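Visitor: Handing over run38.cif, mmCIF, C-alpha atoms.
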data_work
loop_
_atom_site.label_atom_id
_atom_site.label_comp_id
_atom_site.auth_asym_id
_atom_site.auth_seq_id
_atom_site.Cartn_x
_atom_site.Cartn_y
_atom_site.Cartn_z
CA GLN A 12 16.36 155.31 212.40
CA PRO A 13 19.59 153.89 210.97
CA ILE A 14 19.40 156.30 208.04
CA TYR A 15 20.33 159.06 210.48
CA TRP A 16 23.24 157.13 212.00
CA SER A 17 26.81 158.38 211.65
CA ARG A 18 30.11 156.52 211.55
CA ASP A 19 30.11 156.87 215.33
CA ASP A 20 26.51 155.65 215.51
CA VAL A 21 27.26 152.70 213.22
CA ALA A 22 30.25 151.70 215.36
CA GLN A 23 28.26 151.78 218.61
CA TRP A 24 25.66 149.48 217.05
CA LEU A 25 28.50 147.06 216.30
CA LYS A 26 29.87 146.86 219.84
CA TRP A 27 26.31 146.62 221.16
CA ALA A 28 25.51 143.57 219.03
CA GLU A 29 28.95 142.14 219.80
CA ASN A 30 27.88 141.99 223.46
CA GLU A 31 24.14 141.47 223.02
CA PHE A 32 24.51 138.47 220.68
CA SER A 33 28.02 137.53 221.85
CA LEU A 34 29.40 137.92 218.35
CA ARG A 35 33.10 137.55 217.70
CA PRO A 36 34.67 140.98 218.31
CA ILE A 37 34.94 143.19 215.23
CA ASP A 38 36.96 146.34 214.62
CA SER A 39 34.95 149.51 214.04
CA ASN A 40 36.96 149.92 210.82
CA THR A 41 34.84 147.07 209.40
CA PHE A 42 31.91 149.48 208.84
CA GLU A 43 33.33 153.01 208.60
CA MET A 44 30.31 154.76 207.09
CA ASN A 45 27.05 156.51 207.89
CA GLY A 46 23.72 154.72 208.10
CA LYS A 47 22.89 155.74 204.53
CA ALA A 48 25.97 153.93 203.25
CA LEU A 49 25.26 150.89 205.41
CA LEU A 50 21.86 150.57 203.80
CA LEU A 51 23.34 150.55 200.31
CA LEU A 52 25.31 147.47 201.31
CA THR A 53 23.99 144.02 200.47
CA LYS A 54 24.14 141.02 202.78
CA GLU A 55 27.00 139.70 200.64
CA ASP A 56 28.85 142.94 201.41
CA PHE A 57 28.18 142.45 205.13
CA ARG A 58 29.54 138.90 204.87
CA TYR A 59 32.72 140.03 203.10
CA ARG A 60 33.40 142.79 205.64
CA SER A 61 32.99 140.83 208.91
CA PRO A 62 32.86 137.13 208.01
CA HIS A 63 32.33 135.97 211.59
CA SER A 64 29.23 138.02 212.30
CA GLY A 65 28.34 139.87 209.11
CA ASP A 66 25.28 137.71 208.48
CA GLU A 67 23.64 138.38 211.84
CA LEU A 68 24.56 142.08 211.69
CA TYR A 69 22.75 142.37 208.37
CA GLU A 70 19.71 140.55 209.71
CA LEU A 71 19.77 142.77 212.80
CA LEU A 72 19.73 145.89 210.63
CA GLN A 73 16.86 144.47 208.63
CA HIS A 74 15.01 143.69 211.86
CA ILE A 75 15.67 147.25 213.04
CA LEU A 76 14.31 148.56 209.73
CA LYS A 77 11.07 146.59 210.15
CA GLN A 78 10.27 147.95 213.64
CA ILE A 88 19.95 160.95 194.93
CA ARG A 89 21.18 164.46 195.86
CA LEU A 90 23.96 164.26 193.27
CA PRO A 91 25.89 167.52 192.73
CA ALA A 92 24.90 169.69 189.80
CA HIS A 93 28.35 169.15 188.27
CA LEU A 94 27.68 165.38 188.33
CA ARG A 95 23.95 165.45 187.52
CA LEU A 96 24.66 164.07 184.04
CA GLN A 97 24.56 160.36 183.30
CA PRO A 98 27.62 158.33 184.37
CA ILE A 99 28.29 157.14 180.82
CA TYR A 100 29.26 160.75 180.03
CA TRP A 101 31.41 161.23 183.15
CA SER A 102 34.94 162.24 182.24
CA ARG A 103 37.86 161.02 184.32
CA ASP A 104 37.70 164.23 186.35
CA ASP A 105 33.97 163.81 186.98
CA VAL A 106 34.58 160.34 188.43
CA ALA A 107 37.09 161.86 190.86
CA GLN A 108 34.54 164.38 192.13
CA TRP A 109 31.99 161.58 192.50
CA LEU A 110 34.49 159.63 194.61
CA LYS A 111 35.33 162.70 196.69
CA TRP A 112 31.66 163.67 197.03
CA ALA A 113 30.39 160.24 198.11
CA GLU A 114 33.30 160.21 200.54
CA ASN A 115 31.90 163.28 202.29
CA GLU A 116 28.33 162.15 201.60
CA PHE A 117 28.70 158.77 203.32
CA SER A 118 31.64 159.58 205.64
CA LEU A 119 33.83 156.90 204.08
CA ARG A 120 37.57 156.29 204.19
CA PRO A 121 39.50 158.82 202.06
CA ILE A 122 39.31 157.55 198.49
CA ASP A 123 42.34 158.44 196.40
CA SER A 124 41.66 159.90 192.98
CA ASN A 125 43.97 157.21 191.56
CA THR A 126 41.46 154.57 192.70
CA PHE A 127 39.36 154.97 189.53
CA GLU A 128 41.62 156.33 186.78
CA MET A 129 39.09 155.96 183.98
CA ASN A 130 36.18 157.64 182.23
CA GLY A 131 32.55 157.07 183.15
CA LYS A 132 32.05 154.26 180.64
CA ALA A 133 34.94 152.21 182.04
CA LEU A 134 33.53 152.69 185.54
CA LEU A 135 30.37 150.98 184.29
CA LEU A 136 32.36 148.08 182.85
CA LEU A 137 33.91 147.18 186.21
CA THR A 138 32.19 144.49 188.24
CA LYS A 139 31.47 144.79 191.96
CA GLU A 140 34.64 142.81 192.70
CA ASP A 141 36.77 145.33 190.78
CA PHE A 142 35.32 148.11 192.92
CA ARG A 143 36.14 146.12 196.06
CA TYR A 144 39.74 145.55 194.96
CA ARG A 145 40.22 149.23 194.13
CA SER A 146 38.44 150.54 197.26
CA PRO A 147 38.69 147.84 199.94
CA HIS A 148 37.16 150.24 202.49
CA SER A 149 34.44 151.94 200.46
CA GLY A 150 34.11 149.89 197.27
CA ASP A 151 30.76 148.22 197.91
CA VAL A 152 29.19 151.54 198.91
CA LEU A 153 30.84 153.23 195.91
CA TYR A 154 29.37 150.43 193.77
CA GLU A 155 25.73 150.26 194.87
CA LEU A 156 25.57 154.06 194.75
CA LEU A 157 26.42 153.91 191.05
CA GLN A 158 23.62 151.40 190.46
CA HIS A 159 21.15 153.68 192.23
CA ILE A 160 22.44 156.58 190.13
CA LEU A 161 22.07 154.33 187.09
CA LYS A 162 18.49 153.65 188.18
CA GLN A 163 17.84 157.39 188.43
CA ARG A 164 16.93 158.59 184.92
CA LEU A 175 35.66 148.95 167.83
CA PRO A 176 38.30 150.26 165.40
CA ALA A 177 38.20 148.87 161.87
CA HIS A 178 41.77 147.54 162.17
CA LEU A 179 40.47 145.30 164.99
CA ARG A 180 36.98 144.43 163.72
CA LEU A 181 38.15 140.81 163.48
CA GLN A 182 37.38 138.30 166.22
CA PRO A 183 39.88 138.48 169.12
CA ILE A 184 40.80 134.81 168.59
CA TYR A 185 42.30 135.95 165.28
CA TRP A 186 44.08 139.06 166.62
CA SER A 187 47.81 139.46 166.10
CA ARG A 188 50.47 140.54 168.56
CA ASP A 189 50.44 143.95 166.90
CA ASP A 190 46.64 143.89 166.92
CA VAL A 191 46.58 143.40 170.71
CA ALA A 192 48.83 146.45 171.11
CA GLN A 193 46.57 148.69 169.04
CA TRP A 194 43.56 147.42 171.01
CA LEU A 195 45.20 148.62 174.21
CA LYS A 196 45.93 152.05 172.73
CA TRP A 197 42.33 152.30 171.52
CA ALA A 198 41.03 151.25 174.93
CA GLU A 199 43.24 153.82 176.66
CA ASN A 200 41.86 156.68 174.59
CA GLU A 201 38.33 155.28 174.56
CA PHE A 202 38.05 154.86 178.35
CA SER A 203 40.42 157.65 179.47
CA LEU A 204 42.79 155.06 180.93
CA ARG A 205 46.34 155.65 182.13
CA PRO A 206 49.15 155.16 179.58
CA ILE A 207 49.44 151.43 178.83
CA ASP A 208 52.71 149.87 177.74
CA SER A 209 52.42 147.59 174.71
CA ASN A 210 54.56 144.90 176.35
CA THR A 211 51.83 144.57 179.02
CA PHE A 212 50.12 141.96 176.81
CA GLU A 213 52.94 140.87 174.48
CA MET A 214 51.03 137.95 172.95
CA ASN A 215 48.45 137.00 170.34
CA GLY A 216 44.72 137.37 170.73
CA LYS A 217 44.42 133.67 171.49
CA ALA A 218 46.95 133.97 174.31
CA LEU A 219 45.19 137.10 175.57
CA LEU A 220 41.96 135.12 175.86
CA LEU A 221 43.68 132.43 177.95
CA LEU A 222 44.70 134.99 180.56
CA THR A 223 42.48 135.13 183.64
CA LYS A 224 41.10 138.33 185.15
CA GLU A 225 43.76 138.09 187.87
CA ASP A 226 46.45 138.15 185.16
CA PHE A 227 44.94 141.30 183.64
CA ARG A 228 44.92 142.94 187.08
CA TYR A 229 48.58 141.99 187.51
CA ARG A 230 49.70 143.09 184.05
CA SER A 231 47.83 146.43 184.18
CA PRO A 232 46.97 147.33 187.79
CA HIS A 233 45.61 150.68 186.58
CA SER A 234 43.34 149.41 183.80
CA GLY A 235 43.55 145.59 183.61
CA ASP A 236 40.11 145.19 185.16
CA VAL A 237 38.66 147.52 182.52
CA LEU A 238 40.69 145.88 179.74
CA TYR A 239 39.59 142.38 180.74
CA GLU A 240 35.89 143.29 180.71
CA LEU A 241 36.35 145.14 177.41
CA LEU A 242 37.60 141.92 175.83
CA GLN A 243 34.57 140.05 177.19
CA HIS A 244 32.17 142.48 175.54
CA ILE A 245 34.04 142.17 172.22
CA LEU A 246 33.72 138.36 172.41
CA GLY A 247 29.93 138.90 172.62
CA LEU A 251 24.16 142.46 174.58
CA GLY A 252 22.77 142.31 171.01
CA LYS A 253 24.98 139.24 170.43
CA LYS A 254 23.65 137.68 173.69
CA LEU A 255 20.15 138.17 172.19
CA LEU A 256 21.33 137.11 168.74
CA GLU A 257 22.75 133.86 170.13
CA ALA A 258 19.07 132.94 170.71
CA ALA A 259 19.14 132.16 166.99
CA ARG A 260 19.64 128.61 168.31
CA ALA A 261 15.91 128.69 169.15
CA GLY A 262 15.22 129.35 165.47
CA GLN A 263 13.74 132.86 165.82
CA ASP A 264 14.82 133.79 162.30
CA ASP A 265 12.97 137.12 162.24
CA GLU A 266 14.62 138.04 165.56
CA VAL A 267 18.02 137.12 164.08
CA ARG A 268 17.46 139.39 161.08
CA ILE A 269 16.20 142.16 163.37
CA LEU A 270 19.24 141.73 165.63
CA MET A 271 21.70 141.74 162.72
CA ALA A 272 19.93 144.72 161.16
CA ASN A 273 20.49 146.53 164.46
CA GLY A 274 24.10 145.34 164.30
CA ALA A 275 25.58 142.37 166.12
CA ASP A 276 28.77 140.31 166.16
CA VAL A 277 27.80 137.44 163.87
CA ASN A 278 30.89 135.68 165.26
CA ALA A 279 29.87 136.19 168.88
CA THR A 280 30.87 133.66 171.52
CA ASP A 281 28.78 132.45 174.45
CA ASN A 282 30.13 131.40 177.85
CA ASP A 283 31.15 128.07 176.28
CA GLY A 284 32.56 129.62 173.09
CA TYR A 285 29.78 129.01 170.57
CA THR A 286 28.92 131.30 167.66
CA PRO A 287 25.34 131.78 166.45
CA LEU A 288 26.40 129.47 163.61
CA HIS A 289 27.35 126.68 166.03
CA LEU A 290 23.99 126.96 167.76
CA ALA A 291 21.94 127.36 164.57
CA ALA A 292 23.71 124.46 162.84
CA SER A 293 23.20 122.15 165.83
CA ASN A 294 19.46 122.96 165.93
CA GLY A 295 18.77 122.63 162.19
CA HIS A 296 18.10 126.21 161.06
CA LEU A 297 19.36 126.32 157.48
CA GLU A 298 17.68 129.70 157.05
CA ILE A 299 19.73 130.92 160.01
CA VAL A 300 22.81 128.89 159.02
CA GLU A 301 22.77 130.62 155.61
CA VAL A 302 21.94 134.20 156.64
CA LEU A 303 24.71 134.19 159.25
CA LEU A 304 27.26 133.08 156.65
CA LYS A 305 26.09 135.74 154.19
CA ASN A 306 26.33 138.40 156.93
CA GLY A 307 29.87 137.28 157.83
CA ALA A 308 30.06 134.12 159.95
CA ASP A 309 33.20 132.07 160.53
CA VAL A 310 32.16 128.80 158.87
CA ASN A 311 35.23 127.21 160.53
CA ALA A 312 34.80 128.85 163.94
CA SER A 313 36.59 126.90 166.66
CA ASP A 314 34.57 126.14 169.77
CA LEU A 315 36.43 126.04 173.08
CA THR A 316 36.55 122.26 172.49
CA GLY A 317 37.83 122.86 168.95
CA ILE A 318 34.38 121.96 167.60
CA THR A 319 33.47 123.62 164.29
CA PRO A 320 29.96 124.38 163.00
CA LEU A 321 30.39 121.38 160.70
CA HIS A 322 31.41 119.21 163.67
CA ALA A 323 28.10 120.22 165.26
CA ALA A 324 25.92 119.81 162.17
CA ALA A 325 27.53 116.45 161.39
CA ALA A 326 26.75 115.00 164.82
CA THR A 327 23.25 116.51 164.89
CA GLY A 328 22.59 114.93 161.48
CA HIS A 329 21.70 118.16 159.66
CA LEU A 330 22.98 117.19 156.24
CA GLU A 331 21.59 120.26 154.48
CA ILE A 332 23.57 122.47 156.88
CA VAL A 333 26.57 120.18 156.32
CA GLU A 334 26.41 120.66 152.56
CA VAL A 335 26.01 124.42 153.07
CA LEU A 336 29.01 124.74 155.38
CA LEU A 337 31.11 122.65 153.00
CA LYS A 338 29.76 124.77 150.14
CA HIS A 339 30.63 127.99 152.01
CA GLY A 340 34.05 126.70 153.02
CA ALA A 341 34.21 124.28 155.96
CA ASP A 342 37.19 122.20 157.06
CA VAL A 343 35.92 118.69 156.44
CA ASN A 344 39.15 117.49 158.12
CA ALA A 345 39.16 119.72 161.19
CA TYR A 346 39.84 118.22 164.59
CA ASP A 347 38.46 119.06 168.03
CA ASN A 348 40.46 118.92 171.27
CA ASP A 349 39.97 115.13 171.33
CA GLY A 350 41.30 114.66 167.79
CA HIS A 351 37.88 114.00 166.24
CA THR A 352 37.17 114.91 162.63
CA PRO A 353 33.62 115.75 161.49
CA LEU A 354 33.51 112.28 159.95
CA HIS A 355 34.41 110.71 163.31
CA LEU A 356 31.61 112.65 164.99
CA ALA A 357 29.30 111.63 162.15
CA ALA A 358 30.28 107.95 162.38
CA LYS A 359 29.85 108.03 166.16
CA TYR A 360 26.16 108.95 165.75
CA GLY A 361 25.57 106.98 162.55
CA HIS A 362 24.53 109.64 160.01
CA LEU A 363 26.02 107.60 157.20
CA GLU A 364 24.38 110.03 154.76
CA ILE A 365 26.23 112.93 156.39
CA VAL A 366 29.35 110.74 156.45
CA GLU A 367 29.00 110.25 152.70
CA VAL A 368 28.76 114.00 152.10
CA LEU A 369 31.89 114.54 154.19
CA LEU A 370 33.72 111.84 152.24
CA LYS A 371 32.48 113.36 148.97
CA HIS A 372 34.03 116.65 150.17
CA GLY A 373 37.40 115.09 151.05
CA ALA A 374 37.13 113.53 154.51
CA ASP A 375 40.23 111.85 155.93
CA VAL A 376 39.84 108.06 156.23
CA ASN A 377 42.36 108.11 159.10
CA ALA A 378 40.20 109.77 161.75
CA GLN A 379 43.36 110.09 163.89
CA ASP A 380 41.34 109.92 167.10
CA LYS A 381 43.05 110.66 170.42
CA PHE A 382 42.91 106.87 170.83
CA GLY A 383 44.18 106.38 167.27
CA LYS A 384 40.75 105.22 166.12
CA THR A 385 39.71 105.73 162.51
CA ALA A 386 36.22 106.56 161.29
CA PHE A 387 35.58 102.92 160.34
CA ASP A 388 36.74 101.84 163.79
CA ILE A 389 34.07 104.09 165.30
CA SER A 390 31.44 102.51 163.05
CA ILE A 391 32.57 99.02 164.10
CA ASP A 392 32.23 99.81 167.82
CA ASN A 393 28.75 101.26 167.17
CA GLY A 394 27.79 98.13 165.22
CA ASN A 395 26.82 100.17 162.15
CA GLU A 396 27.76 97.80 159.33
CA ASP A 397 26.45 100.22 156.70
CA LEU A 398 28.82 102.95 157.90
CA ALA A 399 31.54 100.29 158.15
CA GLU A 400 30.86 99.44 154.50
CA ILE A 401 32.58 102.69 153.54
CA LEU A 402 33.17 101.26 150.07
#
Could you write out this file's structure as structure tokens?
Guide:
Amino acid sequence: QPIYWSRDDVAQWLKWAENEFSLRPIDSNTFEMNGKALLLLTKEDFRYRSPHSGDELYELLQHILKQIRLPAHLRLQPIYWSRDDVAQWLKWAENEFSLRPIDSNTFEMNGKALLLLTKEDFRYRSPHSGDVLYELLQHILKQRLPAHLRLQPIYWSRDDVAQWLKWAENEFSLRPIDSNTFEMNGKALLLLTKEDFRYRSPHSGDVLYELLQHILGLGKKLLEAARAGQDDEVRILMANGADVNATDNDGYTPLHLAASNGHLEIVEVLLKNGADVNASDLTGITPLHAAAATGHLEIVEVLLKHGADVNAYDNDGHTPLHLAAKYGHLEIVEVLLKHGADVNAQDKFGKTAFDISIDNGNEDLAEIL
């Protein structure tokens, strides 16, 4: 059975299939592992290794299949692995699966940071044994912020970004990070792609990038379901602790989602528990911008009451009034005007709010006065 195969046995199976199925020739270095390691690999890992014939090789192994043992020093959970423990795990799995010699510098981090890395980060660090060193962790996993930076990353300062790095270095046992590695503001740090993080900090940029993603949002991912209106679940989530200013994959806070779905109970409890009433969506949309278009006047009055920029502008230069006038909501438009809405909507096409009401044929909204 393939479980008993060695690196030599794996390689012979490759040259056999290369002749039997007339696959494009592949170097034995493509799969330098024992049969136990090969099993841990997913079909996507087979594809990445030998693109020309990885698919069929995987299916062959599966067709052949149809016809733990962690050291005591590393028996603890990976979240508690120190940086030294990770090195032994790399060296042990190397001898356990007969892999290419993994350098200790490959994973210069604690056990928590190792969990933050995605499968791709493992592959970049260990191009010869990363996938095996990744799925093994998952099987092991199956077996058994500082107050100075508690603000949302979008509002972090250049000095704040530096302290975040220093905190991350001590928190995840990372290598010394220079502060000039991310000499920018939190907004600029968000704009950087994961490839930029890997280039700025080759030792820890993959960890640092993922760290920022978690700060931007598990409990928050559940709390964002406040859009659905599960008020009791929102209280329960906040009671357990959650970033009230979390951001989804499109950059929406629980407030954005609750305001757009008409949950004044949620729209008020989030503000009381610390919600950015003027939070800027990726499109520059504010909670008011959302509530105005969705016609939730009560939420509109609340946001304006709890401090909302009646004259904010999205990425297309649209004020809440413009969004209101685009969907009628003359009542909401009146509230915005009563709270100091700009008559010059200053649209990206220069259109004013009245101009939007004229194109929509809403004479009542056009009759602003």
Visitor: Measuring between only C-alpha atoms, which one of A:234, A:352, A:40, A:130 shows the shortest distance to residue 99 in chain A?
Guide: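 Of A:234, A:352, A:40, A:130, the one nearest residue 99 in chain A, counting only C-alpha atoms, is A:130.
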Visitor: Written as a PyMOL selection string, what is the full residue list that the PyMOL selection byres ((chain A and resi 71) around 12) yields on the file shown?
Guide: chain A and resi 13+24-25+27-29+31-32+54+57+64-70+72-78
Visitor: Apply the PyMOL selection byres ((chain A and resi 90-93) around 12) to the displayed file and report the matching residues as JSON, numbers by chain.
Guide: {"A": [88, 89, 94, 95, 96, 97, 98, 100, 101, 102, 104, 105, 106, 107, 108, 109, 110, 111, 112, 113, 116, 156, 157, 159, 160, 161, 163]}
Visitor: Evaluating the PyMOL selection byres ((chain A and resi 205) around 12) on the displayed file yields which residues, as a list in words?
Guide: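 Selected by the PyMOL selection byres ((chain A and resi 205) around 12) in this file: residues 103, 125, 126, 127, 128, 129, 130, 133, 195, 196, 197, 198, 199, 200, 201, 202, 203, 204, 206, 207, 208, 231, 232, 233, 234, 235, 237 and 238 of chain A.
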Visitor: Pick out the residues sitting within 8 Å of range 181-190 of chain A, and hand them over as a PyMOL selection string; count all atoms listed in the file, and ignore anything fewer than 5 positions along from it in its own chain.
Guide: chain A and resi 213-217+220+242+245-246+278
Visitor: Of the candidates A:45, A:311, A:280, A:118, which shows the shortest atom-to-atom distance to residue 252 in chain A, using all atoms listed in the file?
Guide: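 For residue 252 in chain A, the nearest of the given residues is A:280.
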Visitor: Using all atoms listed in the file, can you tell me which of A:292, A:261, A:221, A:351 comes closest to residue 315 in chain A?
Guide: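 Once distances to residue 315 in chain A are computed over all atoms listed in the file, the minimum belongs to A:221.
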Visitor: Tell me, in Å to one decimal, how far CA of residue 154 in chain A is from CA of residue 134 in chain A.
Guide: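 Going from CA of residue 154 in chain A over to CA of residue 134 in chain A covers 9.5 Å.
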Visitor: What does the distance between CA of residue 383 in chain A and CA of residue 309 in chain A come to in Å, to one decimal place?
Guide: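 According to the coordinates, CA of residue 383 in chain A and CA of residue 309 in chain A are separated by 28.7 Å.
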Visitor: With only C-alpha atoms as the atoms that count, which of A:378, A:345, A:44, A:386 lies nearest to residue 121 in chain A?
Guide: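 Closest candidate: A:44.
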Visitor: Could I see range 27-38 of chain A restored to N, CA and C atoms, set down as a short mmCIF file (atom, residue, chain, number, x, y, z; two decimals), keeping the file's coordinate frame?
Guide:
data_model
loop_
_atom_site.label_atom_id
_atom_site.label_comp_id
_atom_site.auth_asym_id
_atom_site.auth_seq_id
_atom_site.Cartn_x
_atom_site.Cartn_y
_atom_site.Cartn_z
N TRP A 27 27.50 147.03 220.44
CA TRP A 27 26.31 146.62 221.16
C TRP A 27 25.92 145.19 220.77
N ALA A 28 25.84 144.92 219.47
CA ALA A 28 25.51 143.57 219.03
C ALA A 28 26.59 142.58 219.43
N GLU A 29 27.85 143.01 219.41
CA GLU A 29 28.95 142.14 219.80
C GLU A 29 28.77 141.63 221.23
N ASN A 30 28.18 142.43 222.10
CA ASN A 30 27.88 141.99 223.46
C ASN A 30 26.50 141.36 223.56
N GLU A 31 25.51 141.94 222.88
CA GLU A 31 24.14 141.47 223.02
C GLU A 31 23.98 140.05 222.47
N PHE A 32 24.57 139.78 221.31
CA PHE A 32 24.51 138.47 220.68
C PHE A 32 25.78 137.67 220.86
N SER A 33 26.75 138.21 221.59
CA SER A 33 28.02 137.53 221.85
C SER A 33 28.70 137.17 220.54
N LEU A 34 28.70 138.12 219.61
CA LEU A 34 29.40 137.92 218.35
C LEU A 34 30.90 138.02 218.58
N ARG A 35 31.65 137.43 217.65
CA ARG A 35 33.10 137.55 217.70
C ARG A 35 33.48 139.01 217.52
N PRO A 36 34.38 139.54 218.35
CA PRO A 36 34.67 140.98 218.31
C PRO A 36 35.12 141.44 216.93
N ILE A 37 34.65 142.63 216.55
CA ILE A 37 34.94 143.19 215.23
C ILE A 37 35.46 144.61 215.41
N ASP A 38 36.46 144.97 214.61
CA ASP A 38 36.96 146.34 214.62
C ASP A 38 35.92 147.28 214.02
#
